[PDB]
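Notes follow once the structure below has been shown.
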Amino acid sequence: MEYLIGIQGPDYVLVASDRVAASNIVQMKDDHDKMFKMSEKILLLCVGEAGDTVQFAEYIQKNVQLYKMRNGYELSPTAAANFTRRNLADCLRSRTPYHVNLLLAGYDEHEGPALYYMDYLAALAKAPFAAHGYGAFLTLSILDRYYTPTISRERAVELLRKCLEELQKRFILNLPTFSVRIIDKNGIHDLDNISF
Amino acid sequence: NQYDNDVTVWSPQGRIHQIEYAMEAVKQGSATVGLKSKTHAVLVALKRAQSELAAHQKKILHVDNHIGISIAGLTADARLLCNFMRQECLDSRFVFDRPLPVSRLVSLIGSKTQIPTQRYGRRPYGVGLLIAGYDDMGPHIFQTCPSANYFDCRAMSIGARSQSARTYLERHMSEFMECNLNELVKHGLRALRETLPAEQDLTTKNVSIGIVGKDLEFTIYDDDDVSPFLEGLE
Amino acid sequence: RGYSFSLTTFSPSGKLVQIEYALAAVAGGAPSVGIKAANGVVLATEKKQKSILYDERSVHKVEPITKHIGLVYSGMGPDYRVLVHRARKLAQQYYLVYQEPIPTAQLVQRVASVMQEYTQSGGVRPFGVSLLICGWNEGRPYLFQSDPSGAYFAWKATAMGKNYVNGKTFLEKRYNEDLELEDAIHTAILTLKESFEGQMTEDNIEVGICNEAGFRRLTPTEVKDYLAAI
Amino acid sequence: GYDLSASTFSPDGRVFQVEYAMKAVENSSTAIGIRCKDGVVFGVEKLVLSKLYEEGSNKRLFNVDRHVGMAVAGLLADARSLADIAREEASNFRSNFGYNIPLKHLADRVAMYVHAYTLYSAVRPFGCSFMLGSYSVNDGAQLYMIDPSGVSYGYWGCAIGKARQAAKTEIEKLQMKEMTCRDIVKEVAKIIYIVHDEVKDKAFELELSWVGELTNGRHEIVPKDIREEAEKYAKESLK
Amino acid sequence: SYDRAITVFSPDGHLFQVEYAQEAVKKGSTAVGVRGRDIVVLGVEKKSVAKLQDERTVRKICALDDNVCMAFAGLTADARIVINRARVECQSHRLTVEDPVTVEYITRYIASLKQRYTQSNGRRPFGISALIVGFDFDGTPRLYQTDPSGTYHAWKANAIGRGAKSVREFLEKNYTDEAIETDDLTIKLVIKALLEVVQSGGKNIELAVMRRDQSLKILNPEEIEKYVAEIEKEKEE
Amino acid sequence: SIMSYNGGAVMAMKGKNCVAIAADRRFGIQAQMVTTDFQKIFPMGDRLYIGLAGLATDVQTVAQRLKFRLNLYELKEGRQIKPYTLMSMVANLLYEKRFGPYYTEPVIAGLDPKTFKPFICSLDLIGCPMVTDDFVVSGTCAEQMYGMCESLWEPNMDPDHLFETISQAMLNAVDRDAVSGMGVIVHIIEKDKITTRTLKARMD
Amino acid sequence: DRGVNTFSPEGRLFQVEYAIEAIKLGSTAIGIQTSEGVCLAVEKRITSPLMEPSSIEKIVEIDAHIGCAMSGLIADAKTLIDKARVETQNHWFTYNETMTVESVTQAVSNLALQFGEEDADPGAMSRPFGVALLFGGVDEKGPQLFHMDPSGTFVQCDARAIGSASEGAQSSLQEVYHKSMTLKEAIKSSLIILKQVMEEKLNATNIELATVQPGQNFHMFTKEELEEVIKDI
Amino acid sequence: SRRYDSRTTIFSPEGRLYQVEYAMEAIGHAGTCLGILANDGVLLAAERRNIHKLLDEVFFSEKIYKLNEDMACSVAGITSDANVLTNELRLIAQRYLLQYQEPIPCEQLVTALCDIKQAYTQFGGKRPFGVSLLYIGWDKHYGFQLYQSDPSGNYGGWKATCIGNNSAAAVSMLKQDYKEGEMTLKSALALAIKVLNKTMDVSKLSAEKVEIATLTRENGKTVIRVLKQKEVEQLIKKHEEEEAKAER
Ligand SMILES: [Cl-]
Ligand SMILES: [Cl-]
Ligand SMILES: [Cl-]
Ligand SMILES: [Cl-]
Ligand SMILES: [Cl-]
Ligand SMILES: [Cl-]
Ligand SMILES: [Cl-]
Ligand SMILES: [Cl-]
Ligand SMILES: [Cl-]
Ligand SMILES: [Cl-]
Ligand SMILES: [Cl-]
Ligand SMILES: [Cl-]
Ligand SMILES: [Cl-]
Ligand SMILES: [Cl-]
Ligand SMILES: [Cl-]
Ligand SMILES: [Mg+2]
Ligand SMILES: [Mg+2]
Ligand SMILES: [Mg+2]
């Protein structure tokens, strides 16, 4: 079961996600990617019910890319977060609710880095760091303990590693590998996977 | 003139020109003949071929085991109406498990084809049919028109030069009720042959035949299968 | 079905002639007058009332929309009854949501919008009326006109219907901003006297007033009283 | 021009498209109804346009309910559609109210349906006039006639189609209030033979129907033997 | 709703609304496309100049997606509708196929939109033609044209709008392996083609290029007038 | 219970020529705190604020949808909305969802934009309005809030005393509720200024 | 100006007759049916050397056993072709069998008169299709060629031409056609006839040719296969 | 019914749309309305047609409409049509704000409306809206902006322009006086009064006869104000003093 994390520093946001796709008692994929590029400087990380998660994230992704094409410039991480929210909330009481939990990470030229948390109910909260999934229960207090707002990206990757090591130690699920990406002024960068 | 473009416009004479124009589509189709005896209903049709290398347009269509039709006029309208007939027949077998009586099917046609004659922007059906059937009341030949009127016939001909075929049928109609099948079809062919230019003859390429009766489901005879009926026009 | 095309369109000179012809129906209607005094509004109109056989009380040209808003018109009476009905309905829809009486200007805007529709929407002609709408809110009187295009205007005083051009110059040379409502009623009736023909009684004119207490028609007896001086 | 739509009045206040529809009924051959002491009888001059047609083809006499007959003139496809409307109305009335529709109500309802086709550019008026006849012990004999404008009245005797006037003048000679249906069928056949123009239209079938005490309030075709006698009486009376 | 039949046949098989739409296209500003070897180029006239105009707000070259752009000639409001419809469709395609559209795919989509507006009640045809360019996944460059009727073809080079006939004639003589051997000469072939028809040459050619994988670059007046001089001084020799 | 899924508390309170409105700051999901700066009080005017407690998603939807309506209202009318009229607007919005309601129960606090008279009210989740002359409360610790406000509130309080009362009512009330707190924000609304404070508060 | 469903005094729908006149503005196409297969051949009608010839497609595959050649207003043919494709696939889906050439042609022909402005959905067809179609294929009746025009009339033909020069081409077809003719003969015959009728000089880029045979699926001739057949002609 | 349908959404033989053209004639006769962009703001100035003495004066303008926080517009042409369109503009702006939680960028608002106008020229059988608009605004993508849209559904951005009566003349005067990149609100105001002074050639210019709105930025907030008559008179006075200098 699916783990997402984000850590926002002064001028970047670091995000990571497990790489498992599970079904019943088995891992069916060990190189799964839960991140969706919305724009040059925006990632949406999405977990939850099968079908809903991809259908939702790809619908957002296409509309954000459409917005770029119609207007010649990109939606800000905050706008895209509120666009995402409007959609999820408008579907909540419809015949087609989407059972998905999200993080939205981005970097704006003028606002700087941002990390947004959203639950399936479509409550939206901006946060300096956040996580989703059962694994969040074991890692948020590690983040509370060691995060500072000026945290450098090297220490953020260290902090991230502490979280991921804590899952290996303490969490009952086998999540052996994680995707890691960072966003800053120069866009989206793939880091090495963190693996055990 | 100002009165001829809309089916909803009566002329000052109490006529509806659009309906009369639609009837012209039937008068210019190739001729077909329908007639009946005590036991059988027969359709005979001339098929027009576009070029020397074309098959020859179907004129006779299956509707149900007890009903078939011959057409004259707009082929697309003929198919739409034929599809309506087919569906009305399937419905009655589905609901009641018995064949739709031929006179009721014809009523349904009159009621259906009347509707667009009275609404703006609709047009009549540009097709006329001869309907051959057999039910508890015996064999039938009905005729339907673009006016949505229909007729119960001892025999009939519609299409180009059908007047000739009609004369022939009036001349010999007192013989029809007592005819065996072969005689009856011969009569249908002789009527149809009156519609032709003097040079030209009935051949296996241009004649189509439809028969239904007491012991015979509606059956179509084309090409080599018409030869038995054409030999012994003697 | 319903015709789905507009019956009003632009002419080659850029005019919407149906609207101009609607205005001609208004210009041929019976006169109406509205005067905004300092402390209220008067609306007054002539009945194109032939016959002693008419029960003059049976239908009114001066009509309440709400407790605080009233209307009169020039032009086609049956068209006017449509707009009275919609105005009432609009006022109530506003009240249900906002739990406050509709401001006069908001009621005029919504009515004028309905009149605009009938200049574009399919298979219909414009309304052959102009409305004069009076009201009181925010401690202050309001007088508006709304015309067959859906354009509206706020007036201190105006005239519409037959002989309106002269009516307006009569008012131009007679209205002052500091004028009271009792005087305004007087000058409103004099304005109708300018273009009357018939000898005025309380049975062939109608008068409505609007102030802090609300909108109401004057009674025949009250009109009779103002007609003594005239 | 002022005569192209039923939604356009002429400057004299006419609706020509309804008048034109009326002209289609006046081109048709003649139908008559007569109300008498114990019922209503219908007769139609039914022109036979080809010897190839069966006896009974293109009926102009219909059963619209078990107690109600209908006789038509005009465009026959429009009449038949109206016979369906009348049937549907009688059927719906029985379903909703639980008894046989009274003749007058049926006449008024189908007349309003005819009327609705005289207001609009979207549709055209019906090219038919029709009579409705019934009998019951409670309501007695009733004969109504409806035209393309949707007007509906009750009659002692009525005729529609092209020899309408000649037919009426013959019907006026009868003291129909005191006659029975059995007597009246002969007179109906007689009248159709009088107004039939044998020079101009060569062949016709007489079509007869009735509803009265003698059919127990059911609308029925006049039996073949009685029709033949009435024809023979009509023909010899022509002499 | 309004259901009048607007585009109907006339005697002799004409569709007059469509012909009239084509007249609208002919009064539009000239647009030109050339398909290079590994570049595609679009150029378009004018339209009016006007110093008080914000240049950015009236371009006639438009990205549909990262790998496909288009120019048009004709009614600019109509074009904007077509462009936006096509941009929506490019995102559906990516959504359901996970590839960018081929240029042919989106051309075929635009063309069939245009055709439908010649055969649907209540609507007139679009008064635009479009030149659509880009690259397919395998690196092949493409240039397509659509017109108001909905017909479409691929072209080595083409022009639409006013003076298309003479610009086409020019291209027919001038499009050769040598004229498109490099990027610069391809670009110059487009400018030469316009400079034939373009009023106060020029000044007012808008120009844009698309390279294999490299997405839409529009040129600026400083970068254009480099090419202009570089061709003008060569045509003295 | 749907209303306790996120927890939270708002209240408002009247003083002489001033009003106060306050909220806790926690955004949590059942036991788990997610954030501690979640906004629940939204400006609807210079001197007019709405506070929403209940399901966080609906807190945000209602504030956003309300703002949509108010902005159109203000553009169309001449003017700033009156407190009572805002109430009615919100009532109408909530009652449209009578059979599938938003799970939020707002309070409103403000000053009439022309007269500056104080106004406070609350509404239930289907739009029933309640105006009072003292205070109103909404959230998972309403009983606690009632106990504090009934004991401490007095008429005609000046800005300083209103601030102390609303603050002590909020802090002590949410300290008896597991799923409200993690901070308190208080707005004091006067004729000539807004004063916004965050309070020293328990963080457990 | 009158309505689109108005009959003339001769009993024809004006719109259909005018649509039939639009077919004459198309390029010439030819179909021939032999006991060994059917061929379809079409004049491309290139208007500029700058146009890509392979982007003119006037012969299309419907299914593996059926091709279609069109003439007239080509843009109109697209919805017809798509309908034929969808129909054959529906038939395969439902019945696990290939649909006959006759049946495909019938299905498409039932769209023909479905136009009009006050029966139908908010923006349904306003006019007939300005296109004629030759469907050539092989089914259990053997090889088969069917023609259809904007009236929705369709018929089997041993050989048929459509478009601008169809009179002409049809006369030469009556001259050369025989029931026992081979497919290779039919191919040559139709290229000889195109060569006569075409305004431009025939070559391997300005025509298209396709076949369907009992052995073999729909096959479009390549440049090289066309060149080979062109040598003798 | 085909007989009565005037067929408002069809082409003419030259590829023209007659209604659209005809609507543009309506506009050309309406009150003159100009817009001028500066470095520190944008303005609208409009001829008033509501000028009869007995009019009452109840709104803050006649033809200047606030659209949202950051944008306003003025109109020339059919007033009732302008009311429907400006209402629709406000709705679009609030829909965007609801969805994204940021103001609609100016050009996007204009484009959204122009697509509605476009539709009315292509389908539906209705007359088009007889309105041209000038739009002024600020957004975070392009700062201060000025747009013009017309009944064809076409729009553009301008540094300065004019619609309504005597437009061509007004644009010539702007072509000649406007300093690209160098105008201030104070100099744009001078130029606007200069332009209206010439183009209201029937007759002598007065504060009762014009309307001016300015849009500026102050402390990170957009401020949109309709100038009071005291200020308009003062600018008229300064323009009249300035013309006295014209020779010596
Ligand atoms: Cl035929
Ligand atoms: Cl046909
Ligand atoms: Cl008939
Ligand atoms: Cl015939
Ligand atoms: Cl319509
Ligand atoms: Cl009422
Ligand atoms: Cl009220
Ligand atoms: Cl009253
Ligand atoms: Cl009669
Ligand atoms: Cl579409
Ligand atoms: Cl062109
Ligand atoms: Cl809402
Ligand atoms: Cl042909
Ligand atoms: Cl806003
Ligand atoms: Cl905004
Ligand atoms: Mg689900
Ligand atoms: Mg607590
Ligand atoms: Mg705790």
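Letters A, B, ... go to the chains of the structure tokens in the order shown; residues in each chain start at 1; ligands are counted from 1 in the same order.
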### Task
Could the residues of chain C within 9 Å of chain F, counting only C-alpha atoms, be given as a list in words, please?
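The complete set of qualifying residues is residues 96, 97, 98, 99, 100, 103, 105 and 106 of chain C.
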### Selection near residue 134 in chain H, 12 Å with only C-alpha atoms, sequence-local residues under 4 positions removed, as a ChimeraX atom specification
/H:32-37,42-46,63-67,71-77,82,86,106-107,110,145-150,155-164,213
### chain H residues near chain D (12 Å cut-off, only C-alpha atoms) as a ChimeraX atom specification
/H:1-4
### Task
Enumerate residues in contact with ligand 11: an atom-to-atom distance of at most 8 Å, counting only C-alpha atoms and all ligand atoms. Format the result as a PyMOL selection string.
chain E and resi 22+25-26+30+73+129+159-165
Surrounding residues as an mmCIF file with N, CA, C and O atoms, in the first residue's frame, ligand 4, max 6 Å, only C-alpha atoms and all ligand atoms:
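Below you can see pocket-v9.cif, which holds the result:
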data_model
loop_
_atom_site.group_PDB
_atom_site.id
_atom_site.type_symbol
_atom_site.label_atom_id
_atom_site.label_comp_id
_atom_site.auth_asym_id
_atom_site.auth_seq_id
_atom_site.Cartn_x
_atom_site.Cartn_y
_atom_site.Cartn_z
ATOM 1 N N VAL B 26 -43.800 7.226 -58.575
ATOM 2 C CA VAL B 26 -44.252 5.842 -58.872
ATOM 3 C C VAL B 26 -44.555 5.583 -60.348
ATOM 4 O O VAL B 26 -44.139 4.533 -60.882
ATOM 5 N N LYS B 27 -45.182 6.562 -61.017
ATOM 6 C CA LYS B 27 -45.516 6.419 -62.466
ATOM 7 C C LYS B 27 -44.309 6.256 -63.360
ATOM 8 O O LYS B 27 -44.434 5.633 -64.388
ATOM 9 N N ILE B 158 -48.817 -0.963 -61.426
ATOM 10 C CA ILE B 158 -48.345 0.398 -61.228
ATOM 11 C C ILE B 158 -47.024 0.522 -61.977
ATOM 12 O O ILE B 158 -46.394 -0.475 -62.318
ATOM 13 N N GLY B 159 -46.644 1.755 -62.226
ATOM 14 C CA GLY B 159 -45.361 2.092 -62.861
ATOM 15 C C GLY B 159 -45.560 2.491 -64.324
ATOM 16 O O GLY B 159 -46.652 2.749 -64.775
ATOM 17 N N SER B 162 -48.145 1.120 -67.051
ATOM 18 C CA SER B 162 -49.045 0.220 -66.366
ATOM 19 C C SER B 162 -50.494 0.223 -66.838
ATOM 20 O O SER B 162 -51.195 -0.763 -66.618
#
### Task
Using only C-alpha atoms, determine which residues lie at most 8 Å from range 208-223 of chain C, disregarding the query and same-chain residues fewer than 3 positions distant; provide the list as a PyMOL selection string.
chain C and resi 39-44+62-64+66-70+134-137+139-141+202-203+226-227
Keeping only N, CA and C atoms, take the residues you just selected and write them out as a PDB file, in the first residue's frame.
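Final file, selection26.pdb:
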ATOM      1  N   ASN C  39     -39.185  64.298  -1.890  1.00  0.00           N
ATOM      2  CA  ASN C  39     -39.683  63.338  -0.885  1.00  0.00           C
ATOM      3  C   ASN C  39     -40.602  62.250  -1.462  1.00  0.00           C
ATOM      4  N   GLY C  40     -40.596  62.069  -2.781  1.00  0.00           N
ATOM      5  CA  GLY C  40     -41.400  60.996  -3.387  1.00  0.00           C
ATOM      6  C   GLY C  40     -41.506  61.040  -4.897  1.00  0.00           C
ATOM      7  N   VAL C  41     -42.299  60.136  -5.448  1.00  0.00           N
ATOM      8  CA  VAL C  41     -42.511  60.094  -6.890  1.00  0.00           C
ATOM      9  C   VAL C  41     -43.983  60.038  -7.213  1.00  0.00           C
ATOM     10  N   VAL C  42     -44.380  60.709  -8.286  1.00  0.00           N
ATOM     11  CA  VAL C  42     -45.753  60.602  -8.823  1.00  0.00           C
ATOM     12  C   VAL C  42     -45.678  60.016 -10.211  1.00  0.00           C
ATOM     13  N   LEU C  43     -46.569  59.081 -10.487  1.00  0.00           N
ATOM     14  CA  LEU C  43     -46.806  58.532 -11.811  1.00  0.00           C
ATOM     15  C   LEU C  43     -48.248  58.838 -12.158  1.00  0.00           C
ATOM     16  N   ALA C  44     -48.470  59.277 -13.381  1.00  0.00           N
ATOM     17  CA  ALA C  44     -49.811  59.672 -13.812  1.00  0.00           C
ATOM     18  C   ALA C  44     -49.998  59.340 -15.271  1.00  0.00           C
ATOM     19  N   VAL C  62     -51.797  51.942 -13.552  1.00  0.00           N
ATOM     20  CA  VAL C  62     -50.816  52.217 -12.532  1.00  0.00           C
ATOM     21  C   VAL C  62     -50.915  51.014 -11.582  1.00  0.00           C
ATOM     22  N   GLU C  63     -49.831  50.256 -11.465  1.00  0.00           N
ATOM     23  CA  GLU C  63     -49.840  48.961 -10.782  1.00  0.00           C
ATOM     24  C   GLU C  63     -48.713  48.832  -9.748  1.00  0.00           C
ATOM     25  N   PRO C  64     -49.020  48.253  -8.576  1.00  0.00           N
ATOM     26  CA  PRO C  64     -47.933  47.894  -7.616  1.00  0.00           C
ATOM     27  C   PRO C  64     -47.141  46.655  -8.034  1.00  0.00           C
ATOM     28  N   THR C  66     -44.268  45.857  -5.746  1.00  0.00           N
ATOM     29  CA  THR C  66     -44.004  45.487  -4.386  1.00  0.00           C
ATOM     30  C   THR C  66     -44.634  46.584  -3.571  1.00  0.00           C
ATOM     31  N   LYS C  67     -44.458  46.486  -2.273  1.00  0.00           N
ATOM     32  CA  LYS C  67     -44.932  47.531  -1.366  1.00  0.00           C
ATOM     33  C   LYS C  67     -44.298  48.886  -1.618  1.00  0.00           C
ATOM     34  N   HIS C  68     -43.103  48.879  -2.193  1.00  0.00           N
ATOM     35  CA  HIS C  68     -42.292  50.076  -2.379  1.00  0.00           C
ATOM     36  C   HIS C  68     -42.046  50.484  -3.857  1.00  0.00           C
ATOM     37  N   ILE C  69     -42.489  49.662  -4.814  1.00  0.00           N
ATOM     38  CA  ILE C  69     -42.252  49.882  -6.226  1.00  0.00           C
ATOM     39  C   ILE C  69     -43.592  49.838  -6.976  1.00  0.00           C
ATOM     40  N   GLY C  70     -43.759  50.820  -7.867  1.00  0.00           N
ATOM     41  CA  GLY C  70     -44.884  50.810  -8.835  1.00  0.00           C
ATOM     42  C   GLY C  70     -44.483  51.211 -10.264  1.00  0.00           C
ATOM     43  N   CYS C 134     -41.346  53.605 -10.590  1.00  0.00           N
ATOM     44  CA  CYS C 134     -40.998  54.433  -9.439  1.00  0.00           C
ATOM     45  C   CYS C 134     -40.727  53.511  -8.205  1.00  0.00           C
ATOM     46  N   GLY C 135     -39.946  54.033  -7.302  1.00  0.00           N
ATOM     47  CA  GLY C 135     -39.613  53.306  -6.077  1.00  0.00           C
ATOM     48  C   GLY C 135     -38.947  54.184  -5.060  1.00  0.00           C
ATOM     49  N   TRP C 136     -38.877  53.655  -3.827  1.00  0.00           N
ATOM     50  CA  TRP C 136     -38.179  54.299  -2.721  1.00  0.00           C
ATOM     51  C   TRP C 136     -37.344  53.266  -2.017  1.00  0.00           C
ATOM     52  N   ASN C 137     -36.049  53.485  -1.952  1.00  0.00           N
ATOM     53  CA  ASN C 137     -35.151  52.683  -1.096  1.00  0.00           C
ATOM     54  C   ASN C 137     -33.827  53.420  -0.842  1.00  0.00           C
ATOM     55  N   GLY C 139     -33.446  55.333   1.620  1.00  0.00           N
ATOM     56  CA  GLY C 139     -33.954  56.631   2.049  1.00  0.00           C
ATOM     57  C   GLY C 139     -34.161  57.658   0.938  1.00  0.00           C
ATOM     58  N   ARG C 140     -34.530  57.212  -0.270  1.00  0.00           N
ATOM     59  CA  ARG C 140     -34.467  58.122  -1.440  1.00  0.00           C
ATOM     60  C   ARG C 140     -35.399  57.657  -2.565  1.00  0.00           C
ATOM     61  N   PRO C 141     -36.056  58.609  -3.273  1.00  0.00           N
ATOM     62  CA  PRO C 141     -36.930  58.248  -4.420  1.00  0.00           C
ATOM     63  C   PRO C 141     -36.198  57.965  -5.740  1.00  0.00           C
ATOM     64  N   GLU C 202     -61.746  62.342 -12.383  1.00  0.00           N
ATOM     65  CA  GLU C 202     -61.051  61.311 -11.641  1.00  0.00           C
ATOM     66  C   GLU C 202     -61.217  59.913 -12.230  1.00  0.00           C
ATOM     67  N   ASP C 203     -62.192  59.709 -13.110  1.00  0.00           N
ATOM     68  CA  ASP C 203     -62.414  58.410 -13.717  1.00  0.00           C
ATOM     69  C   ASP C 203     -61.579  58.185 -14.970  1.00  0.00           C
ATOM     70  N   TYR C 226     -57.412  66.819  -6.186  1.00  0.00           N
ATOM     71  CA  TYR C 226     -56.342  67.495  -6.926  1.00  0.00           C
ATOM     72  C   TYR C 226     -56.888  68.151  -8.201  1.00  0.00           C
ATOM     73  N   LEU C 227     -57.919  67.553  -8.802  1.00  0.00           N
ATOM     74  CA  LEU C 227     -58.572  68.112 -10.014  1.00  0.00           C
ATOM     75  C   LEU C 227     -59.397  69.382  -9.777  1.00  0.00           C
TER      76      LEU C 227
END
### Interface list for chain H, partner chain A, 7 Å threshold, only C-alpha atoms, as a PyMOL selection string
chain H and resi 99-102
Could you write out that same residue set with C-alpha atoms as a PDB file, in the first residue's frame?
ATOM      1  CA  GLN H  99     -11.999  27.140 -10.399  1.00  0.00           C
ATOM      2  CA  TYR H 100      -8.406  28.407 -10.122  1.00  0.00           C
ATOM      3  CA  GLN H 101      -8.576  30.751  -7.051  1.00  0.00           C
ATOM      4  CA  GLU H 102      -6.792  33.525  -9.032  1.00  0.00           C
TER       5      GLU H 102
END
### Task
Dump the neighbourhood of ligand 2 as a PyMOL selection string: all residues within 6 Å, distances computed on only C-alpha atoms and all ligand atoms.
(chain B and resi 74-75) or (chain G and resi 151+153)
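Checking A:111, A:133, A:90, A:126 one by one against ligand 12, counting only C-alpha atoms and all ligand atoms, you find the shortest gap at A:90.
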Shell of 10 Å around residue 187 in chain G, only C-alpha atoms, local chain residues under 2 positions omitted, as a CSV table (one decimal) with N, CA, C and O atoms, in the first residue's frame:
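result_27.csv, freshly written:
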chain,number,residue,atom,x,y,z
G,30,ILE,N,-13.2,3.3,-61.9
G,30,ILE,CA,-13.7,2.1,-62.6
G,30,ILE,C,-13.6,0.9,-61.7
G,30,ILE,O,-12.6,0.6,-61.0
G,31,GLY,N,-14.7,0.0,-61.8
G,31,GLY,CA,-14.7,-1.3,-61.2
G,31,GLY,C,-15.0,-2.3,-62.2
G,31,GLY,O,-15.8,-2.1,-63.0
G,32,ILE,N,-14.3,-3.5,-62.1
G,32,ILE,CA,-14.6,-4.6,-62.9
G,32,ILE,C,-14.6,-5.9,-62.0
G,32,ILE,O,-13.7,-6.1,-61.3
G,38,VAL,N,-12.0,-8.8,-58.1
G,38,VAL,CA,-12.4,-7.5,-58.6
G,38,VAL,C,-11.3,-6.5,-58.5
G,38,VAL,O,-10.4,-6.6,-57.6
G,39,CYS,N,-11.2,-5.7,-59.5
G,39,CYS,CA,-10.4,-4.5,-59.5
G,39,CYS,C,-11.1,-3.2,-59.5
G,39,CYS,O,-12.2,-3.1,-60.0
G,40,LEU,N,-10.5,-2.2,-58.9
G,40,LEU,CA,-10.9,-0.9,-58.8
G,40,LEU,C,-9.8,-0.1,-59.2
G,40,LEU,O,-8.6,-0.4,-58.7
G,41,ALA,N,-10.0,0.9,-60.0
G,41,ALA,CA,-9.0,1.8,-60.5
G,41,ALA,C,-9.5,3.2,-60.5
G,41,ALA,O,-10.7,3.4,-60.9
G,182,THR,N,-10.3,-12.7,-67.5
G,182,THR,CA,-9.4,-12.9,-66.3
G,182,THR,C,-9.2,-11.6,-65.6
G,182,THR,O,-9.5,-10.5,-66.2
G,183,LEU,N,-8.8,-11.6,-64.3
G,183,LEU,CA,-8.5,-10.5,-63.6
G,183,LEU,C,-7.4,-9.6,-64.2
G,183,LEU,O,-7.4,-8.4,-64.2
G,184,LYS,N,-6.3,-10.3,-64.7
G,184,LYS,CA,-5.2,-9.5,-65.3
G,184,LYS,C,-5.7,-8.7,-66.6
G,184,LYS,O,-5.2,-7.6,-66.8
G,185,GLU,N,-6.5,-9.3,-67.3
G,185,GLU,CA,-7.2,-8.7,-68.4
G,185,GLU,C,-8.0,-7.5,-68.0
G,185,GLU,O,-7.9,-6.4,-68.5
G,189,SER,N,-7.5,-3.7,-69.0
G,189,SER,CA,-8.6,-3.0,-69.6
G,189,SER,C,-9.0,-1.7,-68.9
G,189,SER,O,-9.3,-0.7,-69.6
G,190,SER,N,-9.0,-1.7,-67.6
G,190,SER,CA,-9.4,-0.5,-66.9
G,190,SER,C,-8.2,0.6,-66.9
G,190,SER,O,-8.5,1.7,-66.9
G,191,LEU,N,-7.0,0.1,-67.0
G,191,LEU,CA,-5.9,1.1,-67.2
G,191,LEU,C,-5.9,1.7,-68.6
G,191,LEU,O,-5.7,2.9,-68.7
G,192,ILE,N,-6.2,0.9,-69.6
G,192,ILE,CA,-6.4,1.4,-71.0
G,192,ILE,C,-7.5,2.5,-71.0
G,192,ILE,O,-7.3,3.6,-71.6
G,209,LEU,N,-4.8,1.7,-58.0
G,209,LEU,CA,-5.5,0.4,-58.4
G,209,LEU,C,-5.4,-0.5,-57.2
G,209,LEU,O,-4.4,-0.5,-56.5
G,210,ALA,N,-6.5,-1.2,-57.0
G,210,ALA,CA,-6.6,-2.2,-55.9
G,210,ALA,C,-7.4,-3.4,-56.5
G,210,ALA,O,-8.1,-3.3,-57.4
G,211,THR,N,-7.1,-4.5,-55.8
G,211,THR,CA,-7.8,-5.8,-56.1
G,211,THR,C,-8.3,-6.5,-54.8
G,211,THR,O,-7.8,-6.2,-53.8
G,229,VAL,N,2.4,-3.1,-64.8
G,229,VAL,CA,1.2,-3.1,-65.5
G,229,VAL,C,1.1,-2.0,-66.6
G,229,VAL,O,0.5,-2.2,-67.6
